[PDB]
Peer 1: 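Before I ask anything, here is the structure I am working with.
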Amino acid sequence: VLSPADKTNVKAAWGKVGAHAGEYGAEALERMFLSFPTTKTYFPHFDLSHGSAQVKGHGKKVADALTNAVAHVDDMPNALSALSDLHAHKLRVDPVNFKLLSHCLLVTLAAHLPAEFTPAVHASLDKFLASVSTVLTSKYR
Amino acid sequence: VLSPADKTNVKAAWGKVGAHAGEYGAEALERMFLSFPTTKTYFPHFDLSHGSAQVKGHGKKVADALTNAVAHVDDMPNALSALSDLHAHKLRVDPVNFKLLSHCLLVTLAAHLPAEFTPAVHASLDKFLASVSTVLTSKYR
Amino acid sequence: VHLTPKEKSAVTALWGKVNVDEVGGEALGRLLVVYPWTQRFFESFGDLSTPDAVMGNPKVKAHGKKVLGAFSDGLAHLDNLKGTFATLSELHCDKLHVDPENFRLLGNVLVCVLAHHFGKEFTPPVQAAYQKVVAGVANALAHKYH
Amino acid sequence: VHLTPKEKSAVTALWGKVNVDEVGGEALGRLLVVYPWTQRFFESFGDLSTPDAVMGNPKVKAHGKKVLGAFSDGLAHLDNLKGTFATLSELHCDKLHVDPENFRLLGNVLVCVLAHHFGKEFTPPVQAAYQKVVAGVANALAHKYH
Ligand code: HEM
Ligand code: HEM
Ligand code: HEM
Ligand code: HEM
């Protein structure tokens, strides 16, 4: 469960991301594809090379979903319900892969927001991304 | 999330356990200690040998908690809140270990309830134990 | 992986009673039912819409037979699982890109199927020996990732 | 584990800039803060009540220094991590009984600390090289379980 301090920390850190939201999402995907090449197979219709417009566009979608989750942090199962159906049913994304993308999102935030990425905020962000991952893996059928 | 069919399957399978509830819990612990010896270190004040009265007594507690979860399956965070505090705060149980005990509970049920352990019921029981594990690991601080 | 002689005995004695035409398909079918994301790798197998459809699917039973054959082969070479599973590692890691967590899951599903079939004969010490085996197999199948 | 020459270059060049007195303690402290169950193994270290308490704890910084030393030693022997980590494997697996998932977690926390310290210099390809390294180290530390 996310504590009041966790929600405050996540909102504050994500607030600093700003107009870079989409960019950071795209960078996290790139980090995931390079570090954990098994994850690439979910995107055969994507060119996954650096500067790919498809990865850039997708990073914005990922960021927008995370922003939705931050904005509705006390109601995340509802806010992410459609995305949960998509990832678990249609795409059949292996639950391990959410841990991989969550790690790459943390690395991206650490690399861009050194003042915000305190040990406490790192912990809050990890709990938040784990909560998001728990919702997105909740619909396997 | 547990579906209506999942809840029906879990209630039916757990209903067959009966007065063997405590016994099966004790057997699952024994299976865990022998198969995954890292888990033994949580019980230094226990004699973990076969026929141990302490493992028998503890198996009953484990079973009673699972029975509570079955009886309050739509309200499990609330029903298991005290147990979540205990396992995450006081005992600091590594989240991996819940996957290990859940597997040993499935093996125990399979070994005792061959008619009940259909593929569908196996799936429902796995989702149920994962849901229980998610609650019991929800309070790390 | 190192099994005691007592564990080797327990493992080999039980394995001799295994129905080699059925147990592999039961384990693979249950993997597909219990962990539905694994169906991603088996779109060519046809009807996987219900648990009954999965378990009765002739391709699941046939493929399951191949998987079990590989476990049998591992049991014969417990001191050289890496060599035994090298080609399978290249297939599952380099070609298929299956996350290795799923190797662990299939091994644990196999353990559940053995418990189902053998009942009280699948004692806690017999299980502990089989857990060493399926962990060994999973680690060897994952070698190309290491 | 096999790194390309380009990856070896990226890894060694960055590691030469690492503050070896501080980065290990930062990684170990963050492990204790982010994954609080790991505090179970460090009751003798005293005050771990708050993140500030953890990060400022002299024993955490000192022990962190030892951990980083072991990673440095691994970087020098990428083609023999098993031998390099044998005594540490016996300690962490046979004596301490730390679940090996936590070896992976500490490696990933170290990667976050490197990203924090190096910023844009910690590029996605540099990270991918370090992920190979910390996976290699985790697998070698876990050898006594295999
Ligand atoms: C923090 C976790 C994640 C978030 C917030 C997220 C968010 C999203 C969003 C917003 C979309 C687009 C939905 C739409 O257009 O209808 C999407 C699609 C998709 N996601 Fe994720 N995702 C996450 C994790 C993952 C992971 C771990 C994988 C696989 C490794 C994955 C694979 C995909 C794929 C394959 C698509 C469809 C792309 C396409 O066909 O165009 N996602 N995700
Ligand atoms: C299905 C998952 C689990 C359930 C339902 C469960 C249930 C329980 C219950 C009912 C108690 C007694 C509570 C009390 O007396 O106040 C307990 C205590 C305890 N549990 Fe669990 N538990 C689970 C998983 C685990 C795991 C995975 C571990 C460690 C590997 C663990 C370690 C302990 C310990 C060390 C105690 C305290 C024993 C003592 O000091 O007497 N539990 N658990
Ligand atoms: C201990 C774990 C496993 C063992 C021992 C095993 C064994 C095998 C064997 C013997 C084959 C036949 C290869 C051949 O025809 O020469 C095979 C093929 C295959 N396996 Fe597995 N497997 C394991 C886990 C998995 C998992 C977890 C998945 C996916 C979730 C998977 C996906 C596949 C697929 C898609 C094929 C067909 C490849 C092809 O025909 O090109 N395997 N496996
Ligand atoms: C890549 C992962 C790790 C590395 C490289 C590593 C390295 C080390 C090193 C170098 C020492 C000093 C041993 C000595 O004094 O000779 C040590 C001790 C210790 N480690 Fe780690 N470690 C890792 C992961 C972990 C984790 C995840 C935990 C617990 C969550 C842990 C718990 C301990 C403890 C309790 C000691 C003190 C043992 C003693 O003094 O008797 N280690 N480790």
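Order of the sequence lines fixes the chain letters, A, B, ..., with proteins taken first and strands second; residue numbering starts at 1 for each chain. What you see below is based on every heavy atom in this structure, not just the backbone, and it leaves out hydrogens, waters and symmetry mates. Remember, it's 1-based here, ligands and their atoms both numbered in the order they're listed.
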Peer 1: Return the minimal non-hydrogen interatomic distance between D:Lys61 and D:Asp21, and the atom names on each side.
Peer 2: CE-O, 3.5 Å
Peer 1: Using modelled atom types only, decide if a donor and an acceptor are shared between the side chain of A:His87 and the backbone of A:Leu83 within a distance under 3.5 Å.
Peer 2: yes
Peer 1: Report yes or no: does C:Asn80 contribute a side-chain atom to a donor-acceptor pair with the main-chain N or O of C:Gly83 at less than 3.5 Å?
Peer 2: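 Judged by distance alone, yes, a pair lies under 3.5 Å.
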Peer 1: Which bit of C:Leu141 is near ligand 3, meaning a heavy atom under 4.0 Å away: side chain, backbone, both or neither?
Peer 2: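 Contact part for C:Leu141 vs ligand 3: side chain (C-beta onward).
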Peer 1: Out of all atoms in ligand 3, which are within 4.0 Å of some heavy atom of C:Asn102? Include the element for each.
Peer 2: 27 (C)
Peer 1: For C:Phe45 and C:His63, I'd like to know if the aromatic rings sit close, meaning centre-to-centre distance below 6.0 Å.
Peer 2: yes
Peer 1: Taking 2.8 Å as the limit, list every protein N, O or S atom around atom 21 (Fe) of ligand 1, by chain and residue number.
Peer 2: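 Result, waters dropped: A:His87 NE2.
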Peer 1: Any protein heavy atom at under 4.0 Å, with atom 24 (C) of ligand 3 as the reference point?
Peer 2: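 Under 4.0 Å from atom 24 (C) of ligand 3, at least one protein heavy atom found.
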Peer 1: Determine which pairs satisfy salt bridge (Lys or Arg N to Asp or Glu O under 4.0 Å) with at least one residue from residues 24-41 of chain A, sequence neighbours left out, and list them in order.
Peer 2: A:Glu27-A:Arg31
Peer 1: For atom 1 (C) of ligand 3, which of C:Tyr35, C:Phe71, C:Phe45 has the closest heavy atom?
Peer 2: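 Ranked by closest heavy atom to atom 1 (C) of ligand 3, first place is C:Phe71.
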Peer 1: Backbone N or O of C:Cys93 within a donor-acceptor pair of the C:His97 side chain at under 3.5 Å?
Peer 2: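 Side chain of C:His97 to backbone of C:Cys93: a pair is present.
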Peer 1: My understanding is that we take every heavy atom of each candidate and find the minimum distance to atom 30 (C) of ligand 1. Doing that for A:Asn97, A:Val96, C:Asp99, which one comes out nearest?
Peer 2: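 Considering heavy atoms of A:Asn97, A:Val96, C:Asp99, the nearest to atom 30 (C) of ligand 1 sits in A:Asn97.
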Peer 1: Any sub-3.5 Å donor-acceptor pair from B:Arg141's side-chain atoms to B:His89's backbone N or O?
Peer 2: no
Peer 1: Measure the acute angle between the ring planes of D:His146 and D:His143, then classify it against the limits of 30° and 60° as parallel, tilted or perpendicular.
Peer 2: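 If you compare the ring of D:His146 with that of D:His143, the planes turn out perpendicular.
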Peer 1: Among all residues two or more places apart in sequence or in another chain, which pass the side chain to side chain contact (heavy atoms under 4.5 Å, CB included) test with C:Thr38?
Peer 2: C:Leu31, C:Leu32, C:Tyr35, C:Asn102
Peer 1: Output the list of atoms in ligand 3 that are nearer than 4.0 Å to some heavy atom of C:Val137, sorted by atom number.
Peer 2: 1 (C)
Peer 1: Cut-off 3.5 Å, side chains only: do D:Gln131 and D:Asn108 have a donor facing an acceptor?
Peer 2: yes
Peer 1: In the complex you have, is atom 16 (O) of ligand 3 within reach of the protein, judged by whether a heavy-atom distance drops under 4.0 Å?
Peer 2: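 There is no protein heavy atom less than 4.0 Å from atom 16 (O) of ligand 3.
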Peer 1: Verify the ring-centre separation between A:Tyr24 and A:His112: is it less than 6.0 angstrom?
Peer 2: yes
Peer 1: Please identify which atoms of ligand 4 are closer than 4.0 Å to at least one heavy atom of D:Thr38.
Peer 2: 30 (C)
Peer 1: Can any side-chain N or O of A:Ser81 pair as donor or acceptor with the backbone N or O of A:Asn78 at less than 3.5 Å?
Peer 2: yes
Peer 1: Decide whether a cation-pi geometry holds between B:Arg92 and D:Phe41; the criteria are a distance under 6.0 Å from NZ or CZ to the six-membered ring centre and an angle within 45° of the ring axis.
Peer 2: no
Peer 1: Considering only the protein, which heavy-atom contact is closest to atom 39 (C) of ligand 1, and what is its distance?
Peer 2: A:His45 NE2, 3.2 Å
Peer 1: Around atom 21 (Fe) of ligand 4, how many protein N, O or S atoms are found at less than 2.8 Å?
Peer 2: 1
Peer 1: Got the closest protein heavy atom to atom 32 (C) of ligand 3, with its distance?
Peer 2: C:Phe42 CZ, 3.6 Å
